[PDB]
Amino acid sequence: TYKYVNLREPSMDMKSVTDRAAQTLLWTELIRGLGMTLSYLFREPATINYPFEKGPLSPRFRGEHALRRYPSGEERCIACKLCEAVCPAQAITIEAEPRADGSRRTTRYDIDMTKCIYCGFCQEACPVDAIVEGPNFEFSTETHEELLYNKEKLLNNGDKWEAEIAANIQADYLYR
Amino acid sequence: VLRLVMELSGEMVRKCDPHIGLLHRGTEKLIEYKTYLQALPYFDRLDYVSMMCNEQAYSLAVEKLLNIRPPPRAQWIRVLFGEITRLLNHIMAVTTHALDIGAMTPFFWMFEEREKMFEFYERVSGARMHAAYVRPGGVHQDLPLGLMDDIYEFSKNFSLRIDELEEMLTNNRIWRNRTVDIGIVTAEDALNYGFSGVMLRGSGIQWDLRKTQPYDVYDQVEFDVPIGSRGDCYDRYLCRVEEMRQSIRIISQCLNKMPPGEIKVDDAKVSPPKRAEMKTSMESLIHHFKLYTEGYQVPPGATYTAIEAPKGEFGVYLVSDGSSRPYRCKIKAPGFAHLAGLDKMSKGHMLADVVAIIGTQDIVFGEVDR
Amino acid sequence: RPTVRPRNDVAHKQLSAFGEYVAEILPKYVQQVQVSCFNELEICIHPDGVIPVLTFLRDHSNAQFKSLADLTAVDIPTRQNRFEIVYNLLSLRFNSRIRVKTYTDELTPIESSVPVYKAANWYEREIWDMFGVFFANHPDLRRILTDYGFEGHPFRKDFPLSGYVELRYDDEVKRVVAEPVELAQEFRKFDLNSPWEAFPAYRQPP
Amino acid sequence: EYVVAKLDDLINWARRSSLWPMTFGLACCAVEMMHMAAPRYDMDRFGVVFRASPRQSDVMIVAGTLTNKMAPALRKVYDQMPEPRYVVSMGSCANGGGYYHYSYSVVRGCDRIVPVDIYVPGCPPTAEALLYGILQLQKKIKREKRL
Amino acid sequence: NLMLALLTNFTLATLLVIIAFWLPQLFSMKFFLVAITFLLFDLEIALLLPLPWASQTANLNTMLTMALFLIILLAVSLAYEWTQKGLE
Amino acid sequence: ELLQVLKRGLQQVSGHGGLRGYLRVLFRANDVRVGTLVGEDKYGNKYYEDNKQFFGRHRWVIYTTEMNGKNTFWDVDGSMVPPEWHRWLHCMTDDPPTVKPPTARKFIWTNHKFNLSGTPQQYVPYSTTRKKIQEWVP
Amino acid sequence: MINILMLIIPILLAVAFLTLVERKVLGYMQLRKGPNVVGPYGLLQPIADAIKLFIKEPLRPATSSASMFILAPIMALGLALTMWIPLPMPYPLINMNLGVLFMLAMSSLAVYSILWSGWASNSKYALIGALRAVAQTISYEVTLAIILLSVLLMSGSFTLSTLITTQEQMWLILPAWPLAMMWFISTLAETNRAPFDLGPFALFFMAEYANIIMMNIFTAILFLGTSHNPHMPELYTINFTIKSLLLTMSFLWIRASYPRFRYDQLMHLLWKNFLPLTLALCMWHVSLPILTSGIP
Amino acid sequence: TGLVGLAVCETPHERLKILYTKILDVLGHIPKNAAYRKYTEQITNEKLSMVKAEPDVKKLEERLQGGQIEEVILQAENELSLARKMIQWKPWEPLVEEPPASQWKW
Amino acid sequence: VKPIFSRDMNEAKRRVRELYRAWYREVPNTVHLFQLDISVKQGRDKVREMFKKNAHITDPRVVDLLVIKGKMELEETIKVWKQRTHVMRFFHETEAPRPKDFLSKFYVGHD
Ligand SMILES: NC(=O)c1ccc[n+]([C@@H]2O[C@H](COP(=O)([O-])OP(=O)(O)OC[C@H]3O[C@@H](n4cnc5c(N)ncnc54)[C@H](OP(=O)(O)O)[C@@H]3O)[C@@H](O)[C@H]2O)c1
Ligand code: SF4
Ligand code: SF4
Ligand code: SF4
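Structure below.
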């Protein structure tokens, strides 16, 4: 398409030479460059202090994993190994056994945070919508053991975020 | 980050052999075991700056294997997000380059604007930076109603924001003092290194992939390619800013032309069907069960695709079996090409010039892997 | 077809002319097999002369390629000859992409592409790193992506993904970072391979 | 008796005021670490100063992926650090290899090289979540040297 | 007193060093040419130092020709620095 | 023009508290700002909004004094605030106690919990399988 | 004699409270918020940096050669604090027989502070970069002496008290128009890290930032003045501080706005270009008291 | 006027004519039965006729180059090196090398 | 012949001899320049045990590839390269190490 970066001799004779020499003799353009930051100082900065103010987000955002449940009790996860095979990090492990009598829903359910690159693939591959990614930021531990999620339990403890998840999924069915 | 073994005759460099590869993650052998849908987020996490420009090269490579065109709507999203990465990369091609020199303001001036850019990414996909958004089935998820009004709202204020850098950096004597006359290489020997993005494009040859080889609805969108004259660091910087001023033209034309329709490929042997669709009908859920876990069942054959990166190219070379696992591929990032140039670029230059060479070539260490 | 087909074949017959033109020279030294599919050309080359093939396409009156840019290699243990070094070439004046392949096992040294192409030496180091293919008459063959205390070649399908030396402890010794420890976490080997043949025409008779 | 308990908190307040981290550009995480400088989400001069320097810095953030080539390289940086040192493993790669992990080159855990006090789980570790890592570090400093 | 003023600054400077020290318990010859020219110019500065304090009683016409003379030769020494100084 | 800028600061200090109220928004809080407040949340959380100021900003909000058992006012992280993070805090337009109501299912926890941290009663890993059984008896 | 302690303790606080100014004023230039969490506006942070580095932070020397390394900060802090003594102000502490000669002398000896630090490290890796840092300071001191003399030859003797009296109606910026531009650049060479950049390590910060205020004040004597007023010391004290503070903003302006000039081209700005310019103006300033009567 | 590349745009005519006449003789030294000589000669003769007909016109440079005479001169400069390497190493004239093992399908 | 490699049978043996001298001279040099680590005498014993595992010699093709590799992993010290007593260390420091016996290995129970 061509645009050209080269100026091809801005100075020609007398008048065009002197002003190109004036900027190199003293400064001028450095004083003009000083004025750029000068007005930039006066205008209000966009700063957010975290313990009081919070930054912008979205209805669909992936953070720490938490598995959802039905409104009338019952664990929504059905045990498929579907999310296990899609997982590109292989962070999720699943071994399933029959629950007492009749029902067949999970036994072993570990999601590694040492692994997991956060895709929302396990959210997408799930037909029952068990793992739904909630707006999470707060996670800090002393050990790997405290960081990697155990057999559901702490994932089921996502009830504190499941109220937000139920609100966020209402913006998810028939996507946006 | 970089080791850089130096040979100095007094003060200036004689031999500059970059002993690099300190971030070889080992994607080569690792993708061999993963399926096509499983291998997707590796490409985003290859380069540190480009997100939607990555996967774009990978998805089209699978699309050239499957011989299946993405829907007409999804292709327009791909350009809208392909040009938004051309904004993201060319911000970092200026800011960290200036930060490596010693300039403090232009980094923080743009990163206010760049943080507003990840609001688009968060509203369109889960995570902030890397997204499993561009897929072999076109585009994973449609744009929400809020975003399309925000793109126009951002672009209106953007033209003044980018022009603030030109009255700050290009006009000043410092840049005409520092970056001028560092490694003026434009000959047939410069062509013997193969940079594609900038360098050859920035100075000398009028060749570009955007005009010559269309990817997803091209030539229909009006493009402007900046080509300089001298192969120095300053003219190779000017073209990047001239790319940025002549990039909103594409984004505005993306907003002008948007046909409503399909988001994924309607054929359910490539892309998983809708969530409301899979719960009721039978064939949808079985295909959902087999597009996940099991891969794609790809046609066998060796294919090479290269889509213009703001750094250079992503020369993905997928070799395929009958099985769902792609056996070996190589991502040909320009990191191998740019660091090879330092054998000629450093000839008769100071230690401070070397830092300016890396910045103008934009060697972000994530590039060098394959 | 509207969404099912990517592109109709129109330049396929035009690119097939290259499949004849280079083959019209007809060397047993160079040509062998010419494959053309999906707007792309693929040539495999006899090990004895690789440099004379690379001097061709460079310059030349009919087609001007010049850039012998990107350089890959294929690891496959099915054939009697193991490795397959693949050259990806691009033209700026002509605007076309052609492929150069090698068929030899190349555990025994192969001719270098350094005198023809300048950036080829950096890619040649990677092939010696990952695959272990030595290039004859090569200037500066140095390790890049491999570790300084690394044994073997990291890509070869003969050994596991985890390796032999990978885990690096600190523990008892004050300064020396450990190496001999070999254990890692279990990578789950997926046996997902679909019954029934995926595509017709690709089926080969036993 | 009362002065002894209150003076200990005053020394802990000095680290609660300001923390100087190491700028390791070894990741995609490092670009999110540059978003700590980006005005919208700031700990800059709230505690964080981007001057870094190998010797003067109190905190070192291990950004993302570490290879066996960088394993002896990052270890000697840790030895140059002063005695009150805190190591943040920001990113899933730093926690135990988010991706790769089973790969030959990538070191698993980071704790095999350098011990970690604060773990941040996020791949693209959102600047909102990154703000916790510094705030938790300030909260974790409670009591030092009783006798 | 000048002696009392100077010694107070140094004694407080020494005390600041002990605080950090005692309390806690648990090649290229091209640089040389620049350095030499510094010394040779400063001696011409040393001869040109008296000017504002000297020119009060002495005749101006006798001084004018001699005062400029040192600065002219100070430029001639810099004129020899233009005929290939080096890469520095 | 000059008089209106000084008068605006005086109205902000007089509105929120006074002599003791303004000091709580200066010493404990990073930035002092006055506007409309919802004032309906679990524990001692206020969560204010409606203020213009800048794009992607929803007032001071303010951290809770003694959320569950921390008993801290000087130092507090984002462990506080009940299910409202995806609401008026960042994502949604409607306020949690004003327009958009939280859905009841009797599965979600009634009392909000703070971060685990290095403190006792925190996160832990656990075994799942009953394993292969082996027994020997006389 | 109690006034000496009233010119070290508030001065050490001024170097400490610079940490607010050096990243909040610099912050608004870069659209970032500086100190805010630590204090009401971050006023508790400058004193908090002192508790961090002095008491708790331990030492790990490279070799520690008997006397050195624990002698270089004494030369750094000592020479920076002694520069405050000859300063004219409203009234000077122990006024020297000649003022500016003491000012140029203690600055030329302040080159040793970066010299002994290079000798402290046993490695060859550090001393090459250390000598390069000496070259940044040693070269600009040649011109610094010339531009000083041209101002003095216009009016007044070497005494700093006489320089206030000569500026009664108009500032010295107007007669010395190109010379005033030189003092904005030449002062930045002495470890200001704006045109070029290279326990006890913390003590160097307290000495290097002290010289920044020192050059701001010294420029406000040679070029600024406005009024004297011997009867009213109240009017001079307030008016002098505002003039010095405006020059402190310009020192932090160059640090944020402009990139490094390269070490080689630092010797192309000076020596090649500045030294012919400064001496030509020095030639002009010899003729000025002879052309028109101007002798103190 | 100057070209964008490092190669200097020098006003020289018949310079292209000398190099294109030189390469024709080199091709007629060793290979005669080979197709390499038979195919390259007819392209060069087609290009030489355009130079003789058009006197220093930009349209002559636009034919099969379109990047001025400087780019066309580089095509002739490496043509002599390519012809000499083809004459030294026998590949076009002789074909007798061994065939590959029977495997191609992935 | 095919394929060339570098040397033919007898010539390949003398290339190992030239390689042996270059590495024997570096082990006293890599104590003062590098680190003390273990010993100068013990470092020379590490050389002999390395060549014993490589000692087979059936074809010059295998021998020639060992020379190129031998001029790389043992070259990681001559031209001064960073290792920091972690890379180029061949001997196990933390090895148990296991023994081959039907009484020693069977007591621990492996495989
Ligand atoms: N080379 C030799 O000196 C030598 C020679 C022959 C035998 N040994 C044997 O080897 C051992 C060497 O150990 P070491 O001297 O190296 O150990 P050490 O450095 O004294 O460390 C012991 C740690 O345990 C804690 N501790 C011990 N008793 C405690 C108490 N009553 N209350 C609270 N904290 C307590 C201390 O913590 P606080 O500091 O916080 O209280 C201290 O950090 C000795 O036990 C000795 O029998 C040594
Ligand atoms: S999370 Fe969903 S896909 Fe995974 S096992 Fe449970 S129900 Fe199946
Ligand atoms: S987000 Fe991705 S990596 Fe994490 S558990 Fe889900 S599928 Fe696996
Ligand atoms: S955790 Fe994610 S963002 Fe961070 S380095 Fe790893 S792949 Fe990159």
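Residue numbers (the numbering used here), protein chains in the order written: chain G, 559 to 734; chain F, 69 to 438; chain C, 2 to 207; chain S, 1045 to 1191; chain Y, 105 to 192; chain V, 780 to 917; chain B, 8 to 303; chain U, 5 to 110; chain Z, 12 to 122.
Quick reminder that beta carbons are idealized off the backbone N, C-alpha and C, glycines included.
Taking CB distances under 8 Å as the criterion, tell me whether residue i reaches chain U.
i, result
"C/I26", "yes"
Could you please give the first and the last residue of the uninterrupted beta strand (DSSP E) stretch that includes residue i?
i, result
"F/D257", "Segment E256 to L259 is the alpha helix (DSSP H) holding F/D257; no beta strand (DSSP E) there."
"C/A74", "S68 to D76"
"residue 439 of chain F", "One cannot answer for residue 439 of chain F here, as it falls past the ends of chain F, which runs 69 to 438."
"C/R98", "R98 to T103"
"C/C45", "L42 to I46"
With DSSP run on the structure shown, which of helix, strand or coil describes residue i?
i, result
"U/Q92", "helix"
"F/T428", "helix"
"F/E376", "strand"
"residue 988 of chain S", "Since the displayed chain S opens at 1045 and closes at 1191, residue 988 of chain S lies outside it and no answer follows."
"C/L91", "strand"
"residue 162 of chain Z", "Residue 162 of chain Z lies beyond the residue range present for chain Z, which begins at 12 and ends at 122; the question has no answer from this structure."
"V/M846", "coil"
"F/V366", "coil"
"C/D130", "helix"
Answer with yes or no whether the minimum CB distance from residue i to chain S is below 8 Å.
i, result
"C/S163", "yes"
Report back the beta-carbon spacing between residue i and residue j to the nearest angstrom; my notes put them in contact at under 8 Å.
i, j, result
"B/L282", "Y/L182", "6 Å"
"residue 989 of chain S", "S/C1073", "Past the edges of chain S, shown from 1045 to 1191, lies residue 989 of chain S, and the structure says nothing about it."
So, does the CB of residue i fall closer than 8 Å to a CB anywhere in chain F?
i, result
"residue 130 of chain U", "Examination of residue 130 of chain U is not possible in this model, given that chain U is present from 5 through 110 alone."
"G/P614", "yes"
"S/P1165", "no"
"U/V76", "no"
Counting contacts by CB-CB distance shorter than 8 Å, is residue i in contact with chain G?
i, result
"V/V855", "yes"
"F/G296", "yes"
Start and end of the alpha helix (DSSP H) containing residue i?
i, result
"F/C322", "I316 to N324"
"F/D85", "F/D85 -> not in any alpha helix (DSSP H); beta strand (DSSP E) instead, spanning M80 to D85."
"F/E75", "Careful: F/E75 lies outside any alpha helix (DSSP H), inside the beta strand (DSSP E) at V73 to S77."
"B/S264", "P240 to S264"
Following a CB-centred definition, is residue i positioned closer than 7 Å to any heavy atom of ligand 5?
i, result
"F/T95", "As for ligand 5, it is missing from this structure, which binds only ligand 1, ligand 2, ligand 3 and ligand 4."
Residue i CB to nearest chain V CB: under 8 Å?
i, result
"S/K1050", "no"
Does any residue of chain B have a CB that is nearer than 8 Å to the CB of residue i?
i, result
"residue 200 of chain Y", "Nothing about residue 200 of chain Y can be read from this structure; chain Y reaches only from 105 to 192."
message = What ranges does the alpha helix (DSSP H) occupy inside the region 632–687 of chain G, keeping only unbroken runs of at least 4 residues that lie completely in it?
response = With a minimum length of 4 residues, the continuous alpha helix (DSSP H) runs that stay inside the region 632–687 of chain G are 640–644 and 679–683.
Subject >> Length at least 4, wholly inside the region 134–171 of chain Y: the alpha helix (DSSP H) runs in chain order >> reply: Runs found: 135–152 and 155–158.
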